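What follows is each chain in one-letter form.
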Amino acid sequence: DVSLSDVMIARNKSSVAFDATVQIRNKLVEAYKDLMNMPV
Amino acid sequence: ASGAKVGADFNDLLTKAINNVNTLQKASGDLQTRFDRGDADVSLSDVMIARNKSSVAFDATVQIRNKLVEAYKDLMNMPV
Amino acid sequence: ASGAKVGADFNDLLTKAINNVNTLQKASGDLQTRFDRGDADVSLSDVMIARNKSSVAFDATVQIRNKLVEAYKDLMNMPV
Amino acid sequence: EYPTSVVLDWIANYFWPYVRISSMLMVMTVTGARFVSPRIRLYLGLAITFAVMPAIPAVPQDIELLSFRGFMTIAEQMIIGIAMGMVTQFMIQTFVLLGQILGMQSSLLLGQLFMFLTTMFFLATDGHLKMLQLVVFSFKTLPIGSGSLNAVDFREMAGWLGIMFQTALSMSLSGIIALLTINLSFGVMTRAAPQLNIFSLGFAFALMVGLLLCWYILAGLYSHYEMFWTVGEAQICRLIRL
Amino acid sequence: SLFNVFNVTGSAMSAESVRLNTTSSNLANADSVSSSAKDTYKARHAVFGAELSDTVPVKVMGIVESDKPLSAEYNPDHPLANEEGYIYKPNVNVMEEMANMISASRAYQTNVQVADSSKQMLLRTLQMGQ
Amino acid sequence: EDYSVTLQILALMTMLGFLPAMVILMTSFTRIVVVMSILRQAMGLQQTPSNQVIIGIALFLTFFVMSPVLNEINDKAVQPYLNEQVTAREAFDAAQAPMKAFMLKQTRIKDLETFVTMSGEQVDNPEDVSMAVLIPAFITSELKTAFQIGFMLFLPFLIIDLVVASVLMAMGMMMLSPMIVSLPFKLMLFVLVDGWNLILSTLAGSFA
Amino acid sequence: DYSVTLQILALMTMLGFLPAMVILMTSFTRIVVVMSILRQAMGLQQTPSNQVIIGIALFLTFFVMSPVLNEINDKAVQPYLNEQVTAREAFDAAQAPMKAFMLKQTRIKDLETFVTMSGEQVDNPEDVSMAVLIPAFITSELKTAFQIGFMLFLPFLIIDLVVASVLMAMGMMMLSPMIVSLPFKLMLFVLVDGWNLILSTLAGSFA
Amino acid sequence: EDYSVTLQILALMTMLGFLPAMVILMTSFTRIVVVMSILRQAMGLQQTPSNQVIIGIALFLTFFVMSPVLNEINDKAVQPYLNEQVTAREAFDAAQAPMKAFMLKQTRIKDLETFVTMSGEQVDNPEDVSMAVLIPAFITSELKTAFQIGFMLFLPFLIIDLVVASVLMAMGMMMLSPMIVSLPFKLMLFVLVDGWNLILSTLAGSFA
Amino acid sequence: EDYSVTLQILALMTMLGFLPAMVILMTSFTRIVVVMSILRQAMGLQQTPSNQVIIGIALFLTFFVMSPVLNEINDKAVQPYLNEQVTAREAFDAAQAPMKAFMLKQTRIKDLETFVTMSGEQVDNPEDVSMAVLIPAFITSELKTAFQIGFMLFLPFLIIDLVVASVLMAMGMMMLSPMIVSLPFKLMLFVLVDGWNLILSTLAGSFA
Amino acid sequence: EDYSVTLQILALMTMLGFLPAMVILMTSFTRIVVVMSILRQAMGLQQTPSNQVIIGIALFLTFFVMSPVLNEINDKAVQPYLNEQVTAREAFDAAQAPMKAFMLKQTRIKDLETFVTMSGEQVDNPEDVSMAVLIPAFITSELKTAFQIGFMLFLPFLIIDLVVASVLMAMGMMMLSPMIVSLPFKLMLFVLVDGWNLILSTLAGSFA
Amino acid sequence: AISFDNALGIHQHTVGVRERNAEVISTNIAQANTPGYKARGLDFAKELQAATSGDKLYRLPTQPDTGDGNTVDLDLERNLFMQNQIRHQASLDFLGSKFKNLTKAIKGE
Amino acid sequence: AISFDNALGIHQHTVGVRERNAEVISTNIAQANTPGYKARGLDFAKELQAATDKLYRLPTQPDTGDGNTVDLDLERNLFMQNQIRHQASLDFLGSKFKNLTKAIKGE
Amino acid sequence: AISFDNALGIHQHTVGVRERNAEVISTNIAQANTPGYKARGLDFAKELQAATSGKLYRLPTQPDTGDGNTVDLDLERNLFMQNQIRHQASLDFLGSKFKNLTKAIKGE
Amino acid sequence: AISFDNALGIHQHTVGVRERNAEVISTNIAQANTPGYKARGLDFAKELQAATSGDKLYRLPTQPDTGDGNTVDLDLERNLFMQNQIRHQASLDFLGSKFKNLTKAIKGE
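This entry lists cryo-EM as its structure determination method and reports a resolution of 3.03 Å.

The PDB entry lists chain G under the name Flagellar biosynthetic protein FliP, with Vibrio alginolyticus given as the organism. This entry appears in the Protein Data Bank under the title "Cryo-EM structure of the proximal rod-export apparatus of the polar flagellar motor".

The PDB entry annotates chain A as Flagellar hook-basal body complex protein FliE of Vibrio alginolyticus.

Next comes the structure, spelled out in structure tokens:
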């Protein structure tokens, strides 16, 4: 019932979604770490 | 619903695909050796079809494996 | 269950695979040079089978080495 | 089925709970320490999320991984995690406050002595286990999809500076009075002859008594920590609405 | 599912293979008088079928003997003849067997190209996003 | 006309990279930290509160006071954009405006005049001045405002220290340092009046 | 059983997870943390360097965990090479020696906490799943490393307090005690033969 | 024969690579940053204004004071270049000329004299000197000018510090630290004089 | 049975991968860096000698002290291997023997005893331990030796710091920082004693 | 004999990789870098000149002081090389000689003597020592020479600090920190003496 | 915005239709010799519309059949199969570049 | 497991047997005219057993005094069949390494 | 020194000359039937030297049949075949010069 | 032991020898009709040994010449040229793999 097009699209969508959430998590954490390491 | 059900559902999807790829590889192997040993009930067309599907099926397996490893290697290089 | 005992055991396991690869390459080279020199009792199939085996064996040796070297680099370059 | 739904849901059902767990660890007292490498901490967050996965309810499927709403979800998972982490930092640094006020009053690094011992209190009382139990409970009573820290939670967390001074003064009030009365007694008793004065001679006398009083402080510090942890734990449950 | 074209092209390869085997038997038994007049060999032909209830596979539904009358020959010398000295021979027509040989071989090789080109499309699909 | 999905993602990641700047240059983070810096400096403790908890409390305080403006951005900009009601260009402008309004509520007219003349541009309404010129005027007002609050916070601790020194000198003991005696009194009076709660009211409510 | 082509792909993939297995299953975690804590104890910040710290841990985690590798070899590697066992059974035969080592090197309280969090009903400690044992192992090993490391910190904190109070006794309030304490911090570690004392106890700490 | 498009892009990407160097050496960023640094150390506050805020203020100030030269580059080197009116080599020269002129207005002849002799080139007019010689001369002049302004702003805070110490010593309370009591007056003077707006205006007006 | 040429190329190309590990573990690079690192901390300057210059001098020093072992490797293993006198394994063993002699010469017994017991192998003479158990024992010995050398070099600078701090307290100026008033004398002592030559000479001498 | 074109490119591309190493070891970059760090330490400001500016001035100055060497490299090596008058072998040797001559002129005999005995080579005259034995000796002498120049600059600021500390102590205020009071005068001394021109000219003139 | 639909466009539905068309064309080629079989056609516009949100077309023969009844013109089927494969390759390139650009923006690489 | 014997199957031996079979057929065609030569046939199952012989072919027609039992019609057909099957065995055994290399390299 | 004249060698000029030789042979084959046409050759050694530092007649093996044409068609085919083989080798040598040159400037 | 002689084996010499044999066979085919020309043959074992560690023979006729003195059996010469061409290609495949195996070991890929 499934084809290689659906599998490849599912693989690409998962890769893009996973890459999106990792980078945004990385950006926010780097923003948090920058704020913590500042001279009060 | 819990998160384990989604994880188990994802695990069964991977297991089903691996079994399907393994089934094709074993099916191609039998048809290859049946025609190679000299059995007259096996057609060269069916053998070539069998090994064409197994080769494509395994190539799909390689692509998914590389993406999983690349995602994990991407994951381990993250601020934490 | 001593450090020297297991160190020797894995060394024996590791040197066995290296010797197995070396055996395939020497056998492949020996078959090639006998056929190439003009020996009549050497078939091209035996030459081609052996050299295909050596290529696969050496390819595995390089790939396994890359995994070990990358694994070593991962543990040494980690931000302790 | 279309394989997109299966793969996307697991990533959404794993990373989003992991983000809250990981964010709490990086701000936590022990797991967020400078001694541990990020890789060990990263594996710990990965292992904890995988193990506690059955207790985590399924995230809503309405929010997409690649959408601005999903982007907001990642941010608000961190804010919950940092909230728990900052509470743990508040307690330990309050003991660091307790160490330095005694050291300052001792005519004098003493915060590190209290910081190390308070870290031992955190580990010995299984404080790390309780925090991990708190964050998994947060998944139940504070679902990932709908829910985030409100304005009142920010104000309650911003009001912990007064909690620091009140708790630090409460622990040291008996000792600080002792430090003052002996120094005042030493001053008045030696005030008869202005030739002696104190200066550096007063420095030596003050520091010897101050170290001795810190010996008394460590004798009854555990009871104060137990009361302090109850106040902090209640605040954490208030954040997760438990 | 992932190889629907292969099942159809491959079915044609198996279907057209049977038609060539049937043609070979008809030409190899064009002069086999055998015995009697009802056990005599008759030209056989495969029947192709397509069940259209996407892709419609081709299925061989059995071998069917031709309805052409047997070729009668006057030969009151063959011991297997009859009262009037007639030996009935298979109703195999060489011209129609040659045409079937041409049609079967070309159609069989045409499906090879389609099946071979179908694999290329599958291989290119794996390269999506790379 | 509207930005493509690829370009909108690029803009989103860019603002995340500049996120620390937006906190310390556009929000209320600068005023809170400076005021809390004075409070630590006023008392005898030098590094005792430590830098980590001050920033963490400041971050939570900012999220408290920026909650009205952040919610206004959420409603006006994020909600139409998520529902695909408006394009990306106008949604970005709809998010920029509440930040501009908040910065105007915390700035002074003199500060704006200095920078608008400094930029060498022409304008007649403060409401439509470019955010590039509003930012330096905003923080300049924030630093001046924070010094005012810090000066008021420094006075009671100076009052306590001077009284203790005078008492010790009047009793004749010209040999004892006032700092050691005064420190518990400053801390005790900081606790029994619940000083931080009062500072929260005069700092969080100072923006309005 | 899986085809030859697939089972080659399986071992090749997990060959790249070898660093992952080391960090969260063997004794690499405890030693590195104790090494890192002791490095911060002395005034030197990165004098031992990260690479040397890791290199010592890798040698230690091989000597100490040598009994684990022996059992895995003779119970999983050897039967598989003799065709006496299949792929899945050999992999399971390797988990058991490593799961036993991890189970005995954890704290009951941590396992009790994790089984509650995992939501699985297990009556006895020795039957817990590996999915919940791995996080429980590292969590307990972190507590052990912190408790061991900070006790090593105490003698070096004693020197700091002594020298700082002595300097403050003479009114030299501006001289930083850390630079004065640094020569004596190094001497304490070398007089007690620290680099041999900590490693001997760390090796003997495991079981 | 202007540079090919591929080389023109390669040159522009290289200039963006040296963008921090251009700002910190060829612009007004250094002088503003140093003067702010001296002022911060002049008061009792060690790092209360924080480093990111100081650089953030300086970046906006250095952009405003260099808007005239930035516009002159645009009106003489960018727009003719985009309108296909000047050779790319000519446009690069047309952009460099206003930058060189601005750096010469804020440099000292002694700095040029020592660097020209150091480079060992026979040049007489102080307008056709190489950028290799002009940049070190300019940054040297900016450091010296910043010290002069820093000393100017330091004196009033030194006056307050001496007065407070003298008054405390008059009462015989020598044990009391003058710094803790001096600081609120330092904040007091700087805020009723409108220091933040004043100093940034003077720094803006200094570059002329 | 000698290995094939392809394996031998693959075998010694792997040695290049592990080359940094050999320098930091099996060579003299560890002690020299540590001693100069402690020496830098002994003087007032924090990072004036810089890490790269410290490593650069250490690389030259470790090359000069390991020349006899490198020459022995070439004259016992490399030359017979290039001249087809010995096989690959014999060449590998012939290269390792001088390296093992160098590590065993500069190690401690107790450190060897500690590691042989933990590994669990029989030892009757020092020259029977595998390289797997000699490497961790050697680096531990070097760190102890480096710390002892660093302690000696630290003492003369500690004496100066105590003298200059005590003298300032003799006049009664406690607020004046001893560190600033001691740096010129710490640097001068390192000059007229010519530290950069004898200290490197001792490091070279200590290995032989 | 002559290296092939492919090998000549490989060697040249290799030297670009080691370009940072040659700057901090074989040029005047290190001494100028060290002196400014000591000069910055002498004044009260510890990060006011800023690392980027100091390295930027060091890069400009090392370009000016190495120009006679670079021009000799261009004339002796590159011009015969580009005109095919010398081979690749001769060009590289002809380029090395002026660089070796520069390092030999700024080195010390004892430093050369120290490494010559360490390298175990038979050297008759200093002007023919190997490059591997000169680079560690040259950087050693530069560090020692840098300390001597730094001590010269440290004294005038130290005298001001001592003078102001004693004056404050005479008036009885033993709690006022001399560092705050001394800082304006430390800056002024560097200004009216024209320090940023005097120091750099001496550093450039120290290689002649 | 910022969604996979708005980002991929119609290049995800087009690929499925092109594979559907190849299945139809290959069926006609295989069933060319079957008597009585009628050639099957596919409407791309209708199929793409159905795919985006979610009947039998027969091909008119150019010449009469020789009696069998099969209306498959194998000359046309090969030409259409060749065209379908080219347009399918373009669609994969179009769709593949959509994911590459999305990954490029979310990572800045 | 994971050994060349199992990875290659029996395709490693079939190529050799098809070469031996081709040699025998070549001998039969060459020796067709030499009298007294008896046609030699190779039994496929025998070399199958030898992997895990050289028989005589009984004529369908009598000789003509030569005693030679070689039918050139049969030999040509048997040589054509063996050559076609030999190429298929090369394709089967060749793809065994191509799949094996792709599994190891992952590309 | 590093320059293309020293890096490419003569292979930059040899490729061009053999292309000219292809034209010369091609115009001989076309004019095989044209009477009065004399087959012309190209001296590779002389042409290469001219290109590096900067149309002879072929003698008939047999008399012409009477038209006046001295084109020996079988010789032209043999010469064209050899010229095409060496032209491919010249491309192989010259092309490899750039690829090895790129590998040096890139380091991999 | 790492040297081109050890790595390339005898395949670096066999290619040149089989090229020489092809020239000797080709000149026999070309000179088939020249009377007085004796067919020449090259011994492979001798030529390979001479090449390895640093003069073509005469081929005896199976039948007498028909009066021209030429002993070239053009039927035999074609067979030897075909065999030498196949063995020449096989040596090229052997020698070509020797360099490729060295390159992948050096580059690690």
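Regarding the overall build of chain A
If you tally the helices and strands in chain A, you get 1 helix and 0 strands. Along the three orthogonal principal directions, the C-alpha set of chain A runs to about 60 × 10 × 5 Å. Of the accessible surface of chain A, which amounts to about 1,200 Å², a share of 46% is contributed by carbon and sulfur atoms. Averaging the coordinates of the 5 positive side-chain charges in chain A and doing the same for the 5 negative ones gives two points 6 Å apart.

Overview of the overall build of chain G
Looking only at helices and strands, chain G features 10 helices and 0 strands. Ordered by position from the N terminus, the helices and strands of chain G form the series α-α-α-α-α-α-α-α-α-α. Computed over the C-alpha atoms, the radius of gyration of chain G is 23 Å, more than 25% above the 17 Å expected from 2.2 N^0.38 for a compact globule of 207 residues. Here the C-alpha coordinates of chain G stretch approximately 80 × 35 × 25 Å along the principal axes. For chain G, long-range pairs separated by at least 24 residues make up 72% of all intrachain contacts whose partners lie at least 6 apart in sequence. Split by element, the accessible area of chain G, about 8,000 Å² in all, is 65% carbon and sulfur. Each charge class in chain G can be summarised by its mean position, and for the 10 positive and 15 negative side chains these summaries are 10 Å apart.

With respect to the environment of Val21(B)
Secondary-structure assignment places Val21(B) in helix α1 (residues 3-37). It is 9.7 Å that separates the C-alpha atoms of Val21(B) and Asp59(B), two residues lying 38 residues apart in sequence. Here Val21(B) is in contact with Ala57(B), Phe58(B), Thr61(B) and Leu6(G), once residues within four sequence places are set aside.

Things to note about the relation of the copies chain J and chain H
Between the two copies, chain J and chain H, the superposition gives an RMSD of 0.4 Å; the rotation angle is 63 degrees and the shift along the axis is 4.1 Å. Mapped onto chain H, only 12% of the interface residues of chain J are again interface residues, and the two copies thus contact each other with different surfaces.

Quick look at a nonpolar patch on the surface
Nonpolar side chains collect at one region of the surface, where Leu12(I), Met13(I), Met15(I), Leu16(I), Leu19(I), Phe92(I) and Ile2(N) lie side by side and expose about 600 Å² of accessible area between them. Broken down by element, the nonpolar patch gets its largest block of residues, 4 residues, from helix α1 (residues 5-17) of chain I. Tracing the backbone through its elements, the reader meets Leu12(I) in helix α1. The exposure class assigned to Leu12(I) is partly exposed, which follows from its relative accessible area of 41%.

Some details on the interface of chain J and chain H
Between chain J and chain H, the contact holds 33 residues from the first and 37 residues from the second. Taken together, the two surfaces of chain J and chain H that pack against each other cover about 3,300 Å², and 80% of this comes from carbon and sulfur. At the junction of chain J and chain H, the tally comes to 1 salt bridge. Of the charged contacts in the structure, one is a salt bridge between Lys144(H) and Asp194(J), with a shortest N-O distance of 3.0 Å. Counting across the chain J and chain H interface gives 3 residue pairs in polar contact. Looking at the side of chain J that touches chain H, the elements that each hand over two or more residues are α4 (51-65), α9 (178-192) and α10 (195-205) of chain J. Sorting elements by how many residues they give to the side of chain J that touches chain H places α9(J) first, with 9 residues. Class assignment of the residues belonging to the side of chain J that touches chain H gives a composition of 24 nonpolar, 8 polar and 1 charged.

Points about the packing of helix α3 (residues 29-42) of chain J against α4(J)
Between two packed helices, both the angle of their axes relative to each other and the distance between the axes serve to describe the pair. Residues and elements named next belong to chain J. Orientation of α3 relative to α4, taken along the N-to-C sense of each, is 140 degrees, at an axis distance of 9 Å. Between α3 and α4, the crossing angle belongs to the class labelled oblique. At the point where α3 passes α4, the crossing takes the right-handed sense. In contact with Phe 29, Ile 32, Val 33, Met 36 and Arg 40 of α3, α4 contributes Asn 51, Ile 54, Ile 55, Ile 57, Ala 58, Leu 59, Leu 61 and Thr 62. For the contact of α3 with α4, the residue count by class is 10 nonpolar, 2 polar and 1 charged.

Digging into the packing of aromatic side chains
All chains considered together, the criterion is met by 62 aromatic pairs over all chains. For the ring pair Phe35(B) and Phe92(L), a centre distance of 6.2 Å and an interplane angle of 85 degrees mean the geometry is edge-to-face. Here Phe35(B) is found in helix α1, whereas its partner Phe92(L) is found in helix α4 (residues 72-105) on a different chain. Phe92(L) gets classed as buried once you look at its relative accessible area, which sits at 1%. For the ring pair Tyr74(E) and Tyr86(E), a centre distance of 5.8 Å and an interplane angle of 70 degrees mean the geometry is edge-to-face.

What to know about the pattern of salt bridges
Any two side chains of opposite charge can pair, given that their charged atoms come close. Residue and element names in this part refer to chain B. Under the criterion given, the structure shown has 37 salt bridges over all chains. A salt bridge links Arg 34 to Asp 30, with the nearest nitrogen and oxygen atoms 2.7 Å apart. Highlighted residues: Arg 34 and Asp 30, both in helix α1, separated by 4 residues, approximately one helical turn. We classify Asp 30 as partly exposed; its relative accessible area is 36%.

Some remarks on the pairing of strand β4 (residues 86-89) of chain E
All names here are of chain E. Burial along β4 is one-sided: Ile 87 and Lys 89 are buried, and none of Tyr 86 and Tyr 88, which face the opposite way, are. Both strand β3 (residues 71-74) and β4 contribute to a ladder of 4 bridges, which runs antiparallel. Paired with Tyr 74 across the strands is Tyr 86, a residue of β4.

Description of the interface of chain D and chain F
In this assembly, 41 residues from chain D lie in contact with 41 residues from chain F. Together, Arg155(D), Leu161(D) and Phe165(D) form the three largest contributors to the area buried by chain D at its contact with chain F, with a combined 16%. Counting the contacts that link chain D with chain F gives 0 salt bridges. Taken together, the links from chain D to chain F amount to 4 residue pairs in polar contact.

Comments concerning the arrangement of the chains
The interface with the highest contact count, out of 30 pairs of chains in contact, is the one between chains D and F. With no contact formed, the shortest span from any C-alpha in chain E to any C-alpha in chain I equals 30 Å.

Details of a negative patch on the surface
A contiguous patch of negative charge, built from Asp1(A), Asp6(A), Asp9(B), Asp12(B) and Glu1(D), is present on the exposed surface. Relative to the helices and strands, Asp9(B) is located in helix α1. Residue classification places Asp9(B) among the partly exposed residues on the basis of a relative accessible area of 45%.

Describing the nonpolar core
The nonpolar side chains of a soluble globular protein tend to be buried with one another. Membership of the largest hydrophobic core comes to 473 residues, with the highest contact counts inside it found for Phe165(D), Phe29(F), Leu61(F), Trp196(F), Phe146(G), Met103(J) and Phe147(J). Residue contributions to this core peak at 19 residues, all from helix α8 (residues 131-170) of chain F.

Looking at unusual backbone geometry
Residue and element names in this part refer to chain F. Not every positive phi belongs to a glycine, and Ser 50 is a case in point at roughly 70 degrees. Take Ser 50: it is sitting in the loop between α3 (29-42) and α4 (51-65). On the basis of relative accessibility, which here comes to 11%, the residue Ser 50 falls in the buried class. In the Ramachandran plot, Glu 84 falls in the positive-phi region, its phi being about 60 degrees despite a non-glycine side chain. Assignment of secondary structure puts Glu 84 in the loop between α5 (67-82) and α6 (88-105). By relative accessible area, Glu 84 is classed as exposed at 54%.

Each value, and the rule that gives it
- Residues numbered from 1 in each chain as written, not as in the entry; some residues may be left out.
- Chains lettered and ligands numbered in written order.
- Part of a larger assembly, values for the part shown.
- Heavy atoms only, no water.
- Helix = DSSP H or I, 4+ residues; strand = E, 2+ residues; numbered from the N terminus.
- Areas by Shrake-Rupley, 256 points an atom, 1.4 Å probe, with all protein chains shown as cover.
- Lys, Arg positive; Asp, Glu negative; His and termini not counted.
- Charge placed at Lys NZ, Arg CZ, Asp CG, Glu CD.
- Rg over C-alpha atoms; globule rule 2.2 N^0.38 Å.
- Contact = heavy atoms within 4.5 Å.
- Least-squares fit on C-alpha atoms.
- Patch = residues over 30% accessible without salt bridge, like charges linked within 9 Å, V, L, I, M, F, W, Y side chains within 5 Å.
- Salt bridge = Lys/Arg side-chain N within 4 Å of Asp/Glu carboxyl O.
- Buried < 20%, exposed > 50% of the residue type's maximum accessible area, 1.4 Å probe, protein only.
- Buried area = accessible area lost by both parts, 1.4 Å probe.
- Polar contact = N/O pair within 3.5 Å; in protein donor to acceptor, adjacent residues only side chain to side chain.
- Nonpolar A, V, L, I, M, F, W, Y, C, P; charged D, E, K, R; others polar.
- Axes fitted to C-alpha atoms, helices over the stretch in contact; angles between N-to-C directions.
- Parallel < 35°, antiparallel > 145°, perpendicular 65-115°, else oblique.
- Left-handed = near helix turned anticlockwise from the far one by under 90°.
- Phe/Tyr/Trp six-rings, centres within 6.5 Å; stacked < 30°, edge-to-face > 60°.
- Pairing = 2+ DSSP bridges.
- Core = buried A, V, L, I, M, F, W, Y, C linked by side-chain atoms within 4.5 Å.

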